[PDB]
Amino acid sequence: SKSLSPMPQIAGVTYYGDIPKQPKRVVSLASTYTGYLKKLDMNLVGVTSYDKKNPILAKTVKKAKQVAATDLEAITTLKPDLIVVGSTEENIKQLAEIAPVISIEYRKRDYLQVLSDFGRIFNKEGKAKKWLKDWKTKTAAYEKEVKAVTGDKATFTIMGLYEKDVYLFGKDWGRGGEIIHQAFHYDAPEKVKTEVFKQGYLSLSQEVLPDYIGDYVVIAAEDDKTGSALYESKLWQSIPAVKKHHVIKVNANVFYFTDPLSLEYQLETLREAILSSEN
């Protein structure tokens, strides 16, 4: 009985059932996408734990219930007309019995394309287009502002800390890489381009970190103590970028994401942090 989405065929997008064009009660089970749906003025009745822990996005979804993909009863009771999942979810069959499902395979469309793709699915092209135009202009302007500080050839490395582990990231695996490498067009060290960019991420032992850091490093973490032992180490303190105060420590609870709401916060945060590196 719902007016239907035109359900365009788009790389990475799979539809289960007849997707509504104008869903009124959306459950997002994919934190990668929740804020895209919010930007397009969807009514989110269910979101994920990650969404509730995202201090920027959470402010806009207070009325949504936190749910996990296993919460068949809670999701049913929310009476959704659309469920959104990532393609690695394992109970899509059961979810699609509750409501139509859109399943997205990560990385098939880039962080900007995802928004315009949802614009086509929901006939919200104008909202997507306006946001994307503003983003293009603003990021070009900000690229000039930050390269006025660093120079145009400065290298950046994206890093994240989790538990006792260290990771590097490329241009399209979160942690600020989309803004640093795609929006600001900062280069990365050669070793990062060669070893990290294709896969998107790389597990590293701490002792080799100096070899992967050039001018600047952006480091994501979920709490301000995860990195404490690393930061006090002689190894870390030996790195030229560290000596120069070219370390930018960011809050992973928002910096994991690439939705428009998270990005707006990240963009201003990174712009200000690059300026502040020269205080």
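Residue positions are given as counts along the sequence shown, with the first one as 1. Basically, rigid core = biggest C-alpha set you can superpose within 1.5 Å across the two forms.
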Notebook entry, point to check: Hey, after superposing on the core, which one moves around more in 5 other deposited structures of this protein, 32-40 or 231-239, CA-wise?
Noted result: 231-239
Margin query: Using only C-alpha atoms and the B-factors in the entry, which stretch averages higher, 28-36 or 238-246?
Written below: 238-246
Next item on the list: Decide which of the stretches 205-213 and 160-168 has the higher mean C-alpha B-factor, going by the entry.
Entry: 205-213
Item checked: Per the PDB entry, maximal CA B factor within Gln182, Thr155, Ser116, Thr76 -> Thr76
Check: Based on what the PDB entry reports, which of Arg107, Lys93, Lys133, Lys144 has the top C-alpha B-factor?
Finding: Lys93
Next item on the list: Using the B-factors in the PDB entry, rank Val101's C-alpha atom against the chain and give the third, lowest, middle or highest.
Entry: middle
Notebook entry, point to check: Against its chain's modelled residues, does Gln9's Cα B factor rank lowest, middle or highest third?
Noted result: middle
Margin query: Among the modelled residues of this chain, does the Cα B factor of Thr269 put it in the lowest, middle or highest third?
Written below: lowest
Margin query: Splitting the chain's C-alpha B-factors into thirds, which one does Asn54 fall into?
Written below: middle
Check: C-alpha B factor of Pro80, ranked within the chain: lowest, middle or highest third?
Finding: highest
